[PDB]
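Have a look at the structure below, then the notes.
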Amino acid sequence: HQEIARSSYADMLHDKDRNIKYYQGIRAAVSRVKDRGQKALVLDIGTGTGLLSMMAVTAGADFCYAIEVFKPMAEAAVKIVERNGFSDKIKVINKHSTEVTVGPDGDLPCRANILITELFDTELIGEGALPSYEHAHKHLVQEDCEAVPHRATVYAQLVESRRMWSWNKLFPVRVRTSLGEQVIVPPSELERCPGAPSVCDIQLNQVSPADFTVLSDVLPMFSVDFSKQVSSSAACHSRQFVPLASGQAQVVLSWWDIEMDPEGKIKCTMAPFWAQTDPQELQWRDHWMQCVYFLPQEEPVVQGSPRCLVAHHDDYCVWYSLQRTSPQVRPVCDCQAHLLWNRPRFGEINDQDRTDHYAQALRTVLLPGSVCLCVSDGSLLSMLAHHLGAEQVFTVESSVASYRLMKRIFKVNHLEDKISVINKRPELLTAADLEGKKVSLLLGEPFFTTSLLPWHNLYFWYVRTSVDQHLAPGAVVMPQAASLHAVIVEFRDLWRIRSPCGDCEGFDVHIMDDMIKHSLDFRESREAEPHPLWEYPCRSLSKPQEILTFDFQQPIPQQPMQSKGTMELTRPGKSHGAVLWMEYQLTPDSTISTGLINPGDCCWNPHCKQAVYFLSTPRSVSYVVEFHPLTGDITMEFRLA
Ligand SMILES: Nc1ncnc2c1ncn2[C@@H]1O[C@H](CSCC[C@H](N)C(=O)O)[C@@H](O)[C@H]1O
Ligand SMILES: C[N+](C)(CCCS(=O)(=O)[O-])Cc1ccccc1
Ligand SMILES: [Zn+2]
Numbered sequence: 027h028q029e030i031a032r033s034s035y036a037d038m039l040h041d042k043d044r045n046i047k048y049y050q051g052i053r054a055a056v057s058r059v060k061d062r063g064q065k066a067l068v069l070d071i072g073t074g075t076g077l078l079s080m081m082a083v084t085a086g087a088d089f090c091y092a093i094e095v096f097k098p099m100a101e102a103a104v105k106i107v108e109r110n111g112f113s114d115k116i117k118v119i120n121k122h123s124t125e126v127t128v129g130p131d132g133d134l135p136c137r138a139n140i141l142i143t144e145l146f147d148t149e150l151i152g153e154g155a156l157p158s159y160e161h162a163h164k165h166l167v168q169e170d171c172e173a174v175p176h177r178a179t180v181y182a183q184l185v186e187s188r189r190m191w192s193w194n195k196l197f198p199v200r201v202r203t204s205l206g207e208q209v210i211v212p213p214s215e216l217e218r219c220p221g222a223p224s225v226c227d228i229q230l231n232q233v234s235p236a237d238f239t240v241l242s243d244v245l246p247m248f249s250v251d252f253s254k255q256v257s258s259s260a261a262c263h264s265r266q267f268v269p270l271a272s273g274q275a276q277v278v279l280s281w282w283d284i285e286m287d288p289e290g291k292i293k294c295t296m297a298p299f300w301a302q303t304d305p306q307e308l309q310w311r312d313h314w315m316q317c318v319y320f321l322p323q324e325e326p327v328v329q330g331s332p333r334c335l336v337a338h339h340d341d342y343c344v345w346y347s348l349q350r351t352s353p361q362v363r364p365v366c367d368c369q370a371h372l373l374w375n376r377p378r379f380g381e382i383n384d385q386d387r388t389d390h391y392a393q394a395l396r397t398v399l400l401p402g403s404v405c406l407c408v409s410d411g412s413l414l415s416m417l418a419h420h421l422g423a424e425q426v427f428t429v430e431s432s433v434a435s436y437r438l439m440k441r442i443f444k445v446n447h448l449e450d451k452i453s454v455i456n457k458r459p460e461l462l463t464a465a466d467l468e469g470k471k472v473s474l475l476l477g478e479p480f481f482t483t484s485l486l487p488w489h490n491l492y493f494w495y496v497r498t499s500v501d502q503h504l505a506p507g508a509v510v511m512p513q514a515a516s517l518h519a520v521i522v523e524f525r526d527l528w529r530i531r532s533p534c535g536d537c538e539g540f541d542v543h544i545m546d547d548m549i550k551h552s553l554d555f556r557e558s559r560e561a562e563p564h565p566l567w568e569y570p571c572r573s574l575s576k577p578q579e580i581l582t583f584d585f586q587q588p589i590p591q592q593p594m595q596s597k598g599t600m601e602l603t604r605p606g607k608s609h610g611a612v613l614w615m616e617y618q619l620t621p622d623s624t625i626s627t628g629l630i631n632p637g638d639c640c641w642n643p644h645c646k647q648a649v650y651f652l653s654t665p666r667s668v669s670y671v672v673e674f675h676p677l678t679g680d681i682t683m684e685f686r687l688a
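If you want it as structure tokens, here you go:
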């Protein structure tokens, strides 16, 4: 049900620019065939709601074969097609297109001559466009067919960016000690690693221009012509360019466009604002955004001195290299780190201001003879604790991979004999794991790799409860407490991904709305969704409010904690959602927020996902929220009152 509830179908239906341009392209394509005195037979691969096939019949198509692999959506399409009056000219086929056949016992009577698809993701080819088009041309469509879109072009732009490069590399981490400044350096293999072999998809329009320096023009790397045989074979494309500035080549930004017609008059583009002529004409969507790729190593370029950028791809994946000045399987992570820390986590560890804030917290609670246990996955806190004068430091790493990575970091920093790594689930550690000692300081960020919602990091509190018997009398916990906070917001655009459409370009899509509604209301309580709100502008309509408080210095209570209240809407706007986040009381006079950092538009901690509870799809919002200690779940309802 959750796959349906949080699918991208609703966003597509609200994507006005997408739907307008497809409709224009489809009318032109169908007319080109009819004007030749020929039968117009449409193959619509990945039909979803059936929208593009319905467009095709209004344009004059004789018949459409609409293919949809996902059974619940194929069933929806059948109903939607019927509601809109097109059942006589559209056959919905619930198969993957590569299983579709032409023949007396087949799905199609003959090859089609108009090929419509919307099989694209942010990387263009990451959801199988190439092998799908390849098979279609081989078996399902005529030579010289019309295609909508007619072609796609992938673009790339080389930049220097400390912020985005910090999602890929570990920078030196500084800490001030009694003896002076200490530095934590990365293992050399991290410095030499090509990184994780996966795109980083983001709303690139929300990255400040101050965060990167453009080093190249926007380069058209390669194009795919959907009207002719498409190949899914590996390929590489080398494009020469003259650097626009001197700097460190680090990051390749990328996006694509599609042309709906042979003449290229009708275009949809994912280019970010600085690569378009007018930011006021920018079109928002979420189902397609932009790409961030990393070069396998950084290196200098010089303004005016030509180089060649190379786009590599296989049947699903794209990656980049900078050709040698003189002068292929995709490289994989050989340093462990990129398999364990995701891109935002890299950025978080590299936030020196954040690190300094934890350092000052530790200075406050690090008493003489402190015996520290550190609990948080892949955390550098154990190293800060040592450098700041802990008598003995233990840390827990519950996976063998993370255990090895942290030991490696400790060893290259000559701390192998100062920090003991315990390879167990933290709640299961033993007296002997602590060498028979009692813990006087239990510390954490808290951060755990598996946490998906902000309150999942309350696992730290669970661990605190489980290891109580290993704590010294008067033991201190850092953070000493945590709290759940909420604010009501109006989203600029994000509301589109969960709002009903009703009518799309004249077609009745209420059945799609009903289907989504049924899935997100399956449970008695609707769940909040995690989103990185630094990528999604919104403004507050209420004051922020503390919802629940958790005293880490004490064990978790065995009864559920419930809170009820009201949040006054103090500013005008549409109440799209309640946004929730965690704050941590590190010490009596130190706090940190993983959500709102300007309690204009909201400003959000860029390292963390916030939780969004969308409201029913009016100047007070009431809430009921409950924390369940057996599971760690938090259930909630927010409603206008
Ligand atoms: N090779 C394939 N054969 C059949 N369905 C496919 C497919 N590849 C992807 N899909 C389906 O293609 C759809 C892509 S979303 C596009 C939906 C629709 N054409 C529209 O534009 O409104 C999804 O529902 C997915 O399940
Ligand atoms: C769900 N638990 C059993 C722990 C499991 C968390 S894990 O996914 O990090 O393994 C109980 C729990 C209890 C209180 C807080 C948080 C979790
Ligand atoms: Zn790596």
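UniProt numbering puts the sequence shown at residues 27 to 353, 361 to 632, 637 to 654, 665 to 688.
Ideal Cβ placement from N, Cα and C applies to all residues, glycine included.
Item                                                                                                                                                                : Value
Using a 10 Å radius around the Cβ and a threshold of 16 neighbouring Cβ atoms, would you call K646 buried or exposed?                                               : buried
State yes or no: is the C-beta of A36 nearer than 7 Å to some heavy atom of ligand 3?                                                                               : no
On the DSSP bridge list, what partners appear for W641?                                                                                                             : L629
So what does DSSP say about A271, is it helix, strand or coil?                                                                                                      : coil
Taking the beta strand (DSSP E) that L184 belongs to, which residues open and close that run?                                                                       : 177-186
What's the C-alpha gap between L373 and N194?                                                                                                                       : 12 Å
With DSSP as the reference, label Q647 as helix, strand or coil.                                                                                                    : strand
The beta strand (DSSP E) that contains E207, what's its start and end?                                                                                              : 206-210
Measuring straight from C-alpha to C-alpha, what distance separates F493 and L619?                                                                                  : 13 Å
Mind checking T73: buried by the 16 CB within 10 Å criterion, or exposed?                                                                                           : buried
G610 by DSSP, collapsed to three states: which one?                                                                                                                 : strand
Could you tell me the alpha carbon to alpha carbon distance between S626 and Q385, rounded to whole angstroms?                                                      : 16 Å
Three-state secondary structure (DSSP) at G422?                                                                                                                     : coil
Across the stretch 39-54 and the stretch 300-314, are there enough close Cβ pairs to call them in contact, namely three or more that are closer than 8 Å?           : yes
Would you be able to state if there are at least three C-beta pairs under 8 Å between the stretch 556-575 and the stretch 523-531?                                  : yes
Once you ignore the five residues that flank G610 on each side, which residues in its own chain have a CB closer than 7 Å to its CB?                                : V522, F524, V649, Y650, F651, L652
What are the boundary residues of the beta strand (DSSP E) that includes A519?                                                                                      : 514-524
Just reading off the beta strand (DSSP E) that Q168 is part of, what are its end residues?                                                                          : 167-174
With a threshold of 7 Å on Cβ separation, who are the neighbours of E285 within its own chain once the five nearest residues in sequence on each side are excluded? : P175, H176, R177, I292, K293
For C317, write down the residues that DSSP places opposite it in a beta bridge.                                                                                    : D227, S280
Identify the residues that DSSP records as bridge partners of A337: which are they?                                                                                 : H263, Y346
For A260, count neighbouring Cβ atoms within 10 angstroms of its own Cβ and tell me buried if that reaches 16, exposed if not.                                      : exposed
Could you give the distance in angstroms between the alpha-carbon of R200 and the alpha-carbon of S249?                                                             : 46 Å
Any heavy atom of ligand 3 closer than 7 Å to the beta-carbon of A434?                                                                                              : no
Should the stretch 432-443 be regarded as contacting the stretch 459-473, the criterion being three or more beta carbon pairs within less than 8 Å?                 : no
Bridge partners for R396 per DSSP, in chain order?                                                                                                                  : None, per the DSSP bridge assignment.
Give me the residue from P676, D367, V344, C368 with the minimum Cα distance to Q361.                                                                               : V344
Report the residue from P332, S234, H263 whose alpha carbon sits nearest the alpha carbon of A271.                                                                  : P332
In terms of alpha-carbon separation, which member of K457, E468, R458, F427 lies closest to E449?                                                                   : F427
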